[PDB]
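Asks: Hey, dropping data-v5.csv in here, CSV, C-alpha atoms and all ligand atoms:
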chain,number,residue,atom,x,y,z
A,1,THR,CA,0.0,0.0,0.0
A,2,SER,CA,1.0,3.7,-0.3
A,3,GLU,CA,1.0,3.8,3.5
A,4,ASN,CA,3.5,0.9,3.8
A,5,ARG,CA,5.8,2.6,1.2
A,6,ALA,CA,5.8,5.8,3.2
A,7,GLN,CA,6.5,4.0,6.4
A,8,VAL,CA,9.3,1.9,4.9
A,9,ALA,CA,10.9,5.0,3.4
A,10,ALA,CA,10.7,6.9,6.7
A,11,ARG,CA,12.3,4.0,8.6
A,12,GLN,CA,15.2,3.6,6.2
A,13,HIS,CA,16.0,7.3,6.3
A,14,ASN,CA,15.6,7.6,10.1
A,15,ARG,CA,17.9,4.6,10.6
A,16,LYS,CA,20.7,6.5,8.8
A,17,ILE,CA,20.2,9.5,11.1
A,18,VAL,CA,20.5,7.3,14.2
A,19,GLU,CA,23.6,5.7,12.8
A,20,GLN,CA,25.1,9.2,12.1
A,21,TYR,CA,24.2,10.4,15.6
A,22,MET,CA,25.8,7.4,17.3
A,23,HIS,CA,29.0,7.7,15.3
A,24,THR,CA,29.4,11.5,15.8
A,25,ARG,CA,32.6,12.2,17.7
A,26,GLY,CA,35.1,14.9,18.2
A,27,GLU,CA,34.6,18.3,16.7
A,28,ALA,CA,31.7,17.0,14.7
A,29,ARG,CA,29.7,16.9,17.9
A,30,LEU,CA,29.4,20.7,17.5
A,31,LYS,CA,27.1,20.1,14.5
A,32,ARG,CA,25.1,17.1,15.8
A,33,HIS,CA,22.2,19.4,16.7
A,34,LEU,CA,21.5,19.8,13.0
A,35,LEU,CA,20.1,16.2,13.1
A,36,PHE,CA,17.2,17.6,15.2
A,37,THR,CA,14.0,19.5,14.4
A,38,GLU,CA,14.0,23.1,15.3
A,39,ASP,CA,12.0,22.3,18.5
A,40,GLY,CA,13.8,19.0,19.1
A,41,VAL,CA,14.7,17.8,22.6
A,42,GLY,CA,17.6,15.7,23.8
A,43,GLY,CA,19.2,14.9,27.1
A,44,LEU,CA,19.6,12.6,30.0
A,45,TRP,CA,16.6,10.9,31.5
A,46,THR,CA,18.3,9.1,34.5
A,47,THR,CA,19.9,11.4,37.1
A,48,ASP,CA,20.4,11.5,40.9
A,49,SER,CA,17.3,13.7,41.4
A,50,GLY,CA,14.9,11.5,39.4
A,51,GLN,CA,14.0,14.3,36.9
A,52,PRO,CA,15.3,14.4,33.3
A,53,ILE,CA,17.8,17.0,32.2
A,54,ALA,CA,16.2,18.0,28.9
A,55,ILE,CA,17.8,20.3,26.5
A,56,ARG,CA,15.0,22.0,24.5
A,57,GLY,CA,15.4,23.3,21.0
A,58,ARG,CA,17.9,22.8,18.3
A,59,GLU,CA,19.6,26.0,19.2
A,60,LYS,CA,20.0,25.1,22.9
A,61,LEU,CA,21.3,21.6,21.8
A,62,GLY,CA,24.0,23.3,19.8
A,63,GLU,CA,24.9,25.5,22.7
A,64,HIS,CA,25.0,22.5,25.0
A,65,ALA,CA,27.5,20.7,22.7
A,66,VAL,CA,30.0,23.4,23.4
A,67,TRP,CA,29.8,22.5,27.1
A,68,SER,CA,29.8,18.7,26.5
A,69,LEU,CA,32.9,18.9,24.3
A,70,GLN,CA,34.8,20.4,27.3
A,71,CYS,CA,33.5,18.1,30.0
A,72,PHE,CA,33.4,14.9,27.9
A,73,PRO,CA,36.3,15.8,25.5
A,74,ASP,CA,36.8,12.4,24.0
A,75,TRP,CA,33.4,10.6,24.3
A,76,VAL,CA,32.8,7.6,22.2
A,77,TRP,CA,29.7,5.4,21.8
A,78,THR,CA,30.7,1.7,21.3
A,79,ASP,CA,28.9,-1.7,20.9
A,80,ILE,CA,26.1,0.1,19.1
A,81,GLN,CA,23.0,-2.0,18.4
A,82,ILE,CA,20.2,-0.1,16.6
A,83,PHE,CA,16.6,-1.4,16.9
A,84,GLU,CA,13.9,-0.3,14.4
A,85,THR,CA,10.4,-0.7,15.7
A,86,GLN,CA,6.9,-1.0,14.3
A,87,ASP,CA,6.8,2.8,14.4
A,88,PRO,CA,9.0,4.0,11.5
A,89,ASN,CA,9.7,7.1,13.5
A,90,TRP,CA,10.8,5.4,16.8
A,91,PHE,CA,14.1,3.7,17.3
A,92,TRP,CA,16.0,2.3,20.3
A,93,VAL,CA,19.7,1.9,20.7
A,94,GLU,CA,21.6,-0.3,23.1
A,95,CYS,CA,25.3,0.7,23.4
A,96,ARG,CA,28.1,1.5,25.7
A,97,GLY,CA,29.9,4.8,26.1
A,98,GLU,CA,33.3,5.8,27.4
A,99,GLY,CA,35.6,8.8,27.8
A,100,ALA,CA,37.2,11.2,30.2
A,101,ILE,CA,34.8,13.1,32.5
A,102,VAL,CA,35.9,16.6,33.4
A,103,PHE,CA,33.0,17.8,35.5
A,104,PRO,CA,33.2,21.2,37.2
A,105,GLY,CA,34.6,20.9,40.7
A,106,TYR,CA,35.4,17.2,40.6
A,107,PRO,CA,38.6,15.4,39.9
A,108,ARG,CA,39.2,14.4,36.3
A,109,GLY,CA,38.1,10.8,35.9
A,110,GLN,CA,37.3,8.1,33.3
A,111,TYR,CA,33.7,7.2,32.8
A,112,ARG,CA,32.4,4.0,31.3
A,113,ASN,CA,28.7,3.0,31.2
A,114,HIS,CA,26.0,1.1,29.5
A,115,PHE,CA,23.3,3.2,27.8
A,116,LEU,CA,19.9,2.9,26.2
A,117,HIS,CA,18.8,5.6,23.8
A,118,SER,CA,15.3,6.4,22.5
A,119,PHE,CA,15.0,8.4,19.2
A,120,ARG,CA,11.7,9.7,17.9
A,121,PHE,CA,11.5,11.4,14.5
A,122,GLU,CA,9.4,14.0,12.7
A,123,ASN,CA,9.9,14.9,9.0
A,124,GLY,CA,13.2,13.2,8.7
A,125,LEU,CA,15.0,14.6,11.8
A,126,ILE,CA,15.1,13.9,15.5
A,127,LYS,CA,12.2,15.3,17.5
A,128,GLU,CA,13.2,13.6,20.8
A,129,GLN,CA,16.4,11.9,22.0
A,130,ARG,CA,16.5,10.4,25.5
A,131,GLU,CA,19.4,8.5,27.1
A,132,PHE,CA,19.0,6.1,30.0
A,133,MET,CA,21.9,4.8,32.2
A,134,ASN,CA,22.7,3.7,35.7
A,135,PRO,CA,23.9,6.9,37.5
A,136,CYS,CA,25.8,4.9,40.0
A,137,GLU,CA,28.6,4.4,37.5
A,138,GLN,CA,28.8,8.2,36.9
A,139,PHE,CA,29.0,8.7,40.6
A,140,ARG,CA,32.0,6.3,40.7
A,141,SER,CA,33.7,8.2,37.8
A,142,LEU,CA,33.3,11.4,39.9
A,143,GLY,CA,34.6,9.8,43.1
A,144,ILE,CA,31.2,10.1,44.7
A,145,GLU,CA,30.4,7.3,47.2
A,146,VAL,CA,27.6,5.0,46.0
A,147,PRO,CA,25.3,3.6,48.7
A,148,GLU,CA,25.0,-0.1,49.0
A,149,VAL,CA,21.7,-1.8,49.5
A,150,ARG,CA,22.3,-4.4,52.3
A,151,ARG,CA,21.9,-7.9,50.9
A,152,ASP,CA,22.2,-10.0,54.0
A,153,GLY,CA,18.5,-10.8,54.1
A,154,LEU,CA,18.2,-11.6,50.4
A,155,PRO,CA,18.4,-15.0,48.7
A,156,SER,CA,21.8,-16.0,47.4
B,1,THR,CA,9.4,-15.6,1.1
B,2,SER,CA,9.3,-18.6,3.4
B,3,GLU,CA,11.8,-16.8,5.7
B,4,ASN,CA,9.6,-13.7,6.0
B,5,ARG,CA,6.6,-15.9,6.8
B,6,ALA,CA,8.6,-17.6,9.6
B,7,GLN,CA,9.9,-14.3,10.9
B,8,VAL,CA,6.4,-12.7,10.9
B,9,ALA,CA,4.9,-15.7,12.7
B,10,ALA,CA,7.6,-15.7,15.4
B,11,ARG,CA,7.2,-12.0,16.0
B,12,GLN,CA,3.4,-12.2,16.4
B,13,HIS,CA,3.6,-15.1,18.9
B,14,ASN,CA,6.5,-13.5,20.8
B,15,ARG,CA,4.6,-10.2,21.2
B,16,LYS,CA,1.7,-12.1,22.9
B,17,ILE,CA,4.3,-13.6,25.4
B,18,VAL,CA,5.6,-10.1,26.2
B,19,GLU,CA,2.1,-8.8,26.7
B,20,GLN,CA,1.3,-11.7,29.0
B,21,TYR,CA,4.6,-11.2,31.0
B,22,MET,CA,3.9,-7.5,31.5
B,23,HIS,CA,0.3,-8.0,32.6
B,24,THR,CA,1.2,-10.9,35.1
B,25,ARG,CA,0.3,-9.8,38.6
B,26,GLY,CA,-0.6,-11.2,41.9
B,27,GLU,CA,-0.5,-15.0,42.5
B,28,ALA,CA,0.0,-15.5,38.7
B,29,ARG,CA,3.6,-14.3,39.2
B,30,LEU,CA,4.3,-17.7,40.7
B,31,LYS,CA,3.9,-19.2,37.2
B,32,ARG,CA,5.5,-16.5,35.1
B,33,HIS,CA,8.7,-18.6,34.8
B,34,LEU,CA,6.7,-20.9,32.5
B,35,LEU,CA,7.1,-18.2,29.9
B,36,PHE,CA,10.9,-18.9,29.8
B,37,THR,CA,13.0,-21.6,28.2
B,38,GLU,CA,14.5,-24.1,30.6
B,39,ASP,CA,17.8,-22.3,30.5
B,40,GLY,CA,16.2,-18.8,30.4
B,41,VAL,CA,17.6,-15.9,32.3
B,42,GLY,CA,15.9,-12.9,33.9
B,43,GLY,CA,16.7,-10.2,36.3
B,44,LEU,CA,17.9,-6.7,37.1
B,45,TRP,CA,20.7,-5.2,35.0
B,46,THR,CA,21.0,-1.8,36.9
B,47,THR,CA,22.1,-2.0,40.5
B,48,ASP,CA,24.2,-0.1,43.0
B,49,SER,CA,27.2,-2.4,42.4
B,50,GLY,CA,27.2,-2.0,38.6
B,51,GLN,CA,26.8,-5.8,38.1
B,52,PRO,CA,23.5,-7.4,37.0
B,53,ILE,CA,21.5,-9.6,39.3
B,54,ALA,CA,20.8,-12.4,36.9
B,55,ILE,CA,18.5,-15.3,37.8
B,56,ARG,CA,19.6,-18.3,35.7
B,57,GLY,CA,17.3,-21.1,34.7
B,58,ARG,CA,13.5,-21.5,34.6
B,59,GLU,CA,13.6,-23.4,37.9
B,60,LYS,CA,15.5,-20.6,39.7
B,61,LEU,CA,13.2,-18.0,38.2
B,62,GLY,CA,10.2,-19.8,39.7
B,63,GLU,CA,12.0,-20.0,43.1
B,64,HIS,CA,12.8,-16.3,42.9
B,65,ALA,CA,9.1,-15.4,42.3
B,66,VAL,CA,8.3,-16.8,45.7
B,67,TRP,CA,10.7,-14.2,47.2
B,68,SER,CA,9.5,-11.4,45.0
B,69,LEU,CA,5.9,-12.0,45.9
B,70,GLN,CA,6.8,-11.4,49.5
B,71,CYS,CA,9.1,-8.3,49.0
B,72,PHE,CA,7.0,-6.7,46.2
B,73,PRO,CA,3.6,-8.0,47.2
B,74,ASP,CA,1.4,-5.9,45.0
B,75,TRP,CA,3.7,-4.9,42.0
B,76,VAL,CA,2.1,-3.6,38.9
B,77,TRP,CA,3.6,-2.6,35.5
B,78,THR,CA,1.8,0.4,34.0
B,79,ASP,CA,2.1,2.6,30.9
B,80,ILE,CA,3.3,-0.4,28.9
B,81,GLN,CA,4.6,0.3,25.4
B,82,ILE,CA,5.8,-2.8,23.6
B,83,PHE,CA,8.3,-2.3,20.7
B,84,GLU,CA,8.9,-5.0,18.1
B,85,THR,CA,12.2,-4.8,16.3
B,86,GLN,CA,13.7,-6.0,13.1
B,87,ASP,CA,14.7,-9.2,15.0
B,88,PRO,CA,11.4,-11.2,15.4
B,89,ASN,CA,12.9,-12.6,18.6
B,90,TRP,CA,13.9,-9.3,20.2
B,91,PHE,CA,11.5,-6.9,21.9
B,92,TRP,CA,11.9,-3.8,24.1
B,93,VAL,CA,9.3,-2.5,26.5
B,94,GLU,CA,9.1,1.0,28.1
B,95,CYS,CA,6.9,1.2,31.1
B,96,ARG,CA,6.5,2.3,34.7
B,97,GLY,CA,6.2,0.1,37.8
B,98,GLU,CA,4.8,0.6,41.2
B,99,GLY,CA,4.1,-1.2,44.5
B,100,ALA,CA,5.0,-1.6,48.1
B,101,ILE,CA,8.7,-2.5,48.7
B,102,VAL,CA,9.2,-4.8,51.7
B,103,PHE,CA,12.9,-5.4,51.6
B,104,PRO,CA,14.7,-7.3,54.4
B,105,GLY,CA,15.9,-5.0,57.1
B,106,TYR,CA,14.5,-1.8,55.6
B,107,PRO,CA,11.3,0.1,56.5
B,108,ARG,CA,8.3,-0.8,54.4
B,109,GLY,CA,8.0,1.8,51.6
B,110,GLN,CA,6.3,2.6,48.3
B,111,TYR,CA,8.4,2.2,45.2
B,112,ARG,CA,7.7,3.9,41.8
B,113,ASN,CA,10.0,3.9,38.9
B,114,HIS,CA,10.4,4.0,35.1
B,115,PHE,CA,11.7,0.9,33.5
B,116,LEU,CA,13.0,-0.5,30.2
B,117,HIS,CA,12.8,-4.2,29.5
B,118,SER,CA,14.6,-6.3,26.9
B,119,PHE,CA,13.1,-9.7,25.9
B,120,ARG,CA,15.0,-12.1,23.7
B,121,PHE,CA,13.2,-15.3,22.5
B,122,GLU,CA,14.1,-18.8,21.5
B,123,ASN,CA,11.5,-21.3,20.1
B,124,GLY,CA,8.5,-19.4,21.4
B,125,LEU,CA,9.6,-18.6,24.9
B,126,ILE,CA,11.8,-16.1,26.7
B,127,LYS,CA,15.5,-16.9,26.6
B,128,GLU,CA,16.6,-13.6,28.3
B,129,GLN,CA,14.7,-10.9,30.1
B,130,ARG,CA,16.6,-7.8,31.4
B,131,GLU,CA,15.2,-4.8,33.2
B,132,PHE,CA,16.9,-1.4,33.4
B,133,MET,CA,16.0,1.4,35.8
B,134,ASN,CA,17.5,4.3,37.8
B,135,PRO,CA,18.5,2.8,41.1
B,136,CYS,CA,18.3,6.2,42.8
B,137,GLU,CA,14.6,5.9,42.9
B,138,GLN,CA,14.8,2.4,44.6
B,139,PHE,CA,17.3,4.0,47.1
B,140,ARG,CA,14.7,6.7,47.9
B,141,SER,CA,12.0,4.0,48.4
B,142,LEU,CA,14.2,2.3,51.0
B,143,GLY,CA,15.1,5.5,52.8
B,144,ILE,CA,18.7,5.4,51.6
B,145,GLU,CA,20.3,8.8,51.0
B,146,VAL,CA,21.0,9.5,47.3
B,147,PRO,CA,24.2,11.5,46.6
B,148,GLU,CA,23.8,14.7,44.7
B,149,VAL,CA,26.1,15.7,41.9
B,150,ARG,CA,27.0,19.3,42.6
B,151,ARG,CA,25.6,21.5,39.8
B,152,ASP,CA,26.9,24.9,40.6
B,153,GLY,CA,29.5,24.8,37.8
B,154,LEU,CA,27.1,23.5,35.1
B,155,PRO,CA,25.1,25.5,32.6
B,156,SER,CA,21.6,26.5,33.6
C,201,LIG,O1,26.1,14.4,32.9
C,201,LIG,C1,25.1,15.1,33.0
C,201,LIG,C2,24.5,15.6,31.7
C,201,LIG,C3,23.1,15.9,31.6
C,201,LIG,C4,22.5,16.3,30.5
C,201,LIG,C5,23.3,16.3,29.3
C,201,LIG,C6,24.6,16.1,29.4
C,201,LIG,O2,25.4,16.1,28.2
C,201,LIG,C7,25.2,15.6,30.5
C,201,LIG,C8,24.5,15.6,34.3
C,201,LIG,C9,24.2,16.9,34.6
C,201,LIG,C10,24.2,18.1,33.9
C,201,LIG,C11,23.2,19.1,34.0
C,201,LIG,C12,23.2,20.3,33.3
C,201,LIG,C13,24.2,20.5,32.4
C,201,LIG,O3,24.2,21.7,31.7
C,201,LIG,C14,25.2,19.6,32.2
C,201,LIG,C15,25.2,18.4,32.9
C,201,LIG,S1,23.6,17.0,36.3
C,201,LIG,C16,23.8,15.3,36.5
C,201,LIG,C17,23.4,14.6,37.6
C,201,LIG,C18,23.6,13.2,37.6
C,201,LIG,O4,23.3,12.4,38.7
C,201,LIG,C19,24.2,12.5,36.5
C,201,LIG,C20,24.5,13.3,35.4
C,201,LIG,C21,24.3,14.7,35.4
C,202,LIG,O1,15.5,-5.3,43.8
C,202,LIG,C1,16.4,-6.1,43.6
C,202,LIG,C2,16.1,-7.3,42.7
C,202,LIG,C3,17.1,-7.9,42.0
C,202,LIG,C4,16.9,-8.9,41.1
C,202,LIG,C5,15.6,-9.4,41.0
C,202,LIG,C6,14.6,-8.8,41.8
C,202,LIG,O2,13.3,-9.3,41.7
C,202,LIG,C7,14.8,-7.7,42.6
C,202,LIG,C8,17.8,-6.0,44.2
C,202,LIG,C9,18.6,-7.0,44.8
C,202,LIG,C10,18.3,-8.4,45.1
C,202,LIG,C11,19.3,-9.3,44.9
C,202,LIG,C12,19.1,-10.6,45.1
C,202,LIG,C13,17.9,-11.0,45.4
C,202,LIG,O3,17.6,-12.4,45.7
C,202,LIG,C14,16.8,-10.2,45.5
C,202,LIG,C15,17.0,-8.8,45.3
C,202,LIG,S1,20.0,-6.3,45.4
C,202,LIG,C16,19.7,-4.7,44.8
C,202,LIG,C17,20.6,-3.6,44.8
C,202,LIG,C18,20.1,-2.5,44.2
C,202,LIG,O4,20.9,-1.3,44.3
C,202,LIG,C19,18.9,-2.4,43.7
C,202,LIG,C20,18.1,-3.5,43.6
C,202,LIG,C21,18.5,-4.7,44.2
Show the structure stored in the file as structure tokens.
Replies:
Amino acid sequence: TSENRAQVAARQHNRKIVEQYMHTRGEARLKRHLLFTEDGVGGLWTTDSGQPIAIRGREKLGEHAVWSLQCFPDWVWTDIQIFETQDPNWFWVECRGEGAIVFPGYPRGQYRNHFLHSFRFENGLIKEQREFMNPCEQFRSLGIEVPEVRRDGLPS
Amino acid sequence: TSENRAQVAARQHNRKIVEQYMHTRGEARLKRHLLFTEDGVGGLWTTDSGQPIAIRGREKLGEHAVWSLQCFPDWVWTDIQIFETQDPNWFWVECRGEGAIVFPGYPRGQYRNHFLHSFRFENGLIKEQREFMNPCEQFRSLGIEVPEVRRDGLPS
């Protein structure tokens, strides 16, 4: 059907955008915001406070990349697995990430973590990117003590 | 093609299993392990230590459900969104979960969180289930202090 053709076409184009995003590194990160719609949103959905840190708007995304290039100067996404879905405009990615972390007021460290990303598209560009990770590993990379759930009472 | 028919059939059956898993509640949780292969694995991939808590084998999954029915006595998954993928044997689920948490040696609490699940299938049953969440919300539900990354030096 004409609908299936349109959905197939959208999914193939959108997959190329996800691939490009995931392989953007170095100075090219300063232009990654051009993969978003003008009102596109990106950011980190898993933080210590329980609220997302959402960067709203293509312009603010480009401004944020200037910061992230300083505080994550050599970040790489690795082990990238891209998942298309029944929605041609919705993709998920499982990957790892790694790089130096140079966060204001903390010792320089090395950060490694597992990540899941969600990518939702509109008219050929990213409308919403969300990443999900375990913040405990970011705490460790910053030298912040991670609390330990006591396991004495739990099954082996 | 015959391959596409086989993949389409697998995906439709597997989706019904994911739906059944996500809607299993109450005493029916004691039989949820029958949705797994004999060597199937399930568990929690995001914890304070950074290592998964994997429950290995259909038999051990059924034993674990006895524990989880005591310590999460009224758990419900809500806001369930099931994502098929290009792999007919791989699904992702975005959802929320909620219920009392009655963990050994901690005050009884109420736990709410956002979750992602991965479901991989073999021969019509779950070979690997993995959940991913932000442990900071589980800490809060247990009365454990969550450290705060200092944000003074960060862009507004
Ligand atoms: O790393 C990040 C982060 C968040 C969004 C985008 C990004 O590129 C990095 C964290 C925070 C952060 C907040 C505002 C900001 O302008 C830069 C950074 S605050 C915080 C608290 C945590 O517990 C864990 C992570 C972060
Ligand atoms: O809740 C869970 C959990 C884990 C797997 C399956 C399950 O049903 C529940 C956590 C833990 C746990 C470990 C062993 C066990 O037999 C029961 C529980 S240890 C720990 C540490 C954290 O930081 C956060 C969660 C858990």
Asks: Kindly compile the residues surrounding ligand LIG 201 (chain C) within 7 Å, counting all atoms listed in the file, and format them as a short mmCIF file (atom, residue, chain, number, x, y, z; two decimals) with C-alpha atoms, in the frame of the given file.
Replies:
data_model
loop_
_atom_site.label_atom_id
_atom_site.label_comp_id
_atom_site.auth_asym_id
_atom_site.auth_seq_id
_atom_site.Cartn_x
_atom_site.Cartn_y
_atom_site.Cartn_z
CA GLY A 43 19.20 14.90 27.10
CA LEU A 44 19.60 12.60 30.00
CA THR A 47 19.90 11.40 37.10
CA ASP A 48 20.40 11.50 40.90
CA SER A 49 17.30 13.70 41.40
CA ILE A 53 17.80 17.00 32.20
CA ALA A 54 16.20 18.00 28.90
CA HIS A 64 25.00 22.50 25.00
CA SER A 68 29.80 18.70 26.50
CA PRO A 135 23.90 6.90 37.50
CA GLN A 138 28.80 8.20 36.90
CA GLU B 148 23.80 14.70 44.70
CA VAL B 149 26.10 15.70 41.90
CA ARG B 151 25.60 21.50 39.80
CA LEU B 154 27.10 23.50 35.10
CA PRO B 155 25.10 25.50 32.60
CA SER B 156 21.60 26.50 33.60
#
Asks: Considering all atoms listed in the file, state which residue in the set B:60, B:125, B:82, B:91 is at the smallest distance from ligand LIG 202 (chain C).
Replies: B:60
Asks: Name the closest residue to residue 103 (chain A) among the candidates B:18, B:129, B:152, B:79; distances are taken between atoms, counting all atoms listed in the file.
Replies: B:152
Asks: Once you count all atoms listed in the file, which residues end up no further than 10 Å from (26.4, 8.0, 30.0) in the file's frame, shown as a PDB file with C-alpha atoms, in the frame of the given file?
Replies:
ATOM      1  CA  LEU A  44      19.600  12.600  30.000  1.00  0.00           C
ATOM      2  CA  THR A  46      18.300   9.100  34.500  1.00  0.00           C
ATOM      3  CA  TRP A  75      33.400  10.600  24.300  1.00  0.00           C
ATOM      4  CA  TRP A  77      29.700   5.400  21.800  1.00  0.00           C
ATOM      5  CA  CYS A  95      25.300   0.700  23.400  1.00  0.00           C
ATOM      6  CA  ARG A  96      28.100   1.500  25.700  1.00  0.00           C
ATOM      7  CA  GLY A  97      29.900   4.800  26.100  1.00  0.00           C
ATOM      8  CA  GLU A  98      33.300   5.800  27.400  1.00  0.00           C
ATOM      9  CA  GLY A  99      35.600   8.800  27.800  1.00  0.00           C
ATOM     10  CA  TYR A 111      33.700   7.200  32.800  1.00  0.00           C
ATOM     11  CA  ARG A 112      32.400   4.000  31.300  1.00  0.00           C
ATOM     12  CA  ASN A 113      28.700   3.000  31.200  1.00  0.00           C
ATOM     13  CA  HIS A 114      26.000   1.100  29.500  1.00  0.00           C
ATOM     14  CA  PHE A 115      23.300   3.200  27.800  1.00  0.00           C
ATOM     15  CA  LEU A 116      19.900   2.900  26.200  1.00  0.00           C
ATOM     16  CA  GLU A 131      19.400   8.500  27.100  1.00  0.00           C
ATOM     17  CA  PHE A 132      19.000   6.100  30.000  1.00  0.00           C
ATOM     18  CA  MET A 133      21.900   4.800  32.200  1.00  0.00           C
ATOM     19  CA  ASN A 134      22.700   3.700  35.700  1.00  0.00           C
ATOM     20  CA  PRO A 135      23.900   6.900  37.500  1.00  0.00           C
ATOM     21  CA  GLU A 137      28.600   4.400  37.500  1.00  0.00           C
ATOM     22  CA  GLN A 138      28.800   8.200  36.900  1.00  0.00           C
TER      23      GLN A 138
END
Asks: For a quick check of understanding, using all atoms listed in the file, which of B:19, B:145, B:27, B:122 has the smallest distance to chain A?
Replies: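 Among the listed residues, the smallest separation from chain A belongs to B:145.
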Asks: What does the distance between CA of residue 7 (chain A) and CA of residue 17 (chain B) come to in Å, to one decimal place?
Replies: 26.0 Å
Asks: Identify, on the basis of all atoms listed in the file, every residue whose closest approach to residue 67 (chain A) does not exceed 10 Å; exclude the query and any residue fewer than 4 positions from it along the same chain; express the result as a count of residues only.
Replies: 8
Asks: Kindly give the distance, in Å, that separates CA of residue 108 (chain B) and CA of residue 142 (chain B), rounded to a single decimal.
Replies: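 Value for the CA of residue 108 (chain B)-CA of residue 142 (chain B) distance: 7.5 Å.
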Asks: May I ask for the distance between CA of residue 4 (chain B) and CA of residue 94 (chain A), given in Å to one decimal place?
Replies: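 According to the coordinates, CA of residue 4 (chain B) and CA of residue 94 (chain A) are separated by 24.8 Å.
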Asks: Counting all atoms listed in the file, which of A:136, A:76, A:69, A:6 gets nearest to chain B?
Replies: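 So, comparing all the options, the nearest one is A:136.
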Asks: Counting all atoms listed in the file, what is within 7 Å of residue 39 (chain A), bar same-chain residues fewer than 4 positions away, as a PyMOL selection string?
Replies: chain A and resi 56-58
Asks: Have a look at B:24, B:141, B:14, B:78 and name the one nearest to ligand LIG 202 (chain C); count all atoms listed in the file.
Replies: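 Closest residue, counting all atoms listed in the file: B:141.
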Asks: So which one's closest to ligand LIG 202 (chain C), B:52, B:40, B:107, B:26? Using all atoms listed in the file, please.
Replies: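 Distance minimum relative to ligand LIG 202 (chain C) lands on B:52.
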Asks: Can you tell me, as a ChimeraX atom specification, what residues are no more than 6 Å from region 84-88 of chain A when counting all atoms listed in the file, ignoring any on the same chain fewer than 6 positions away?
Replies: /A:7,10-11 /B:83-86
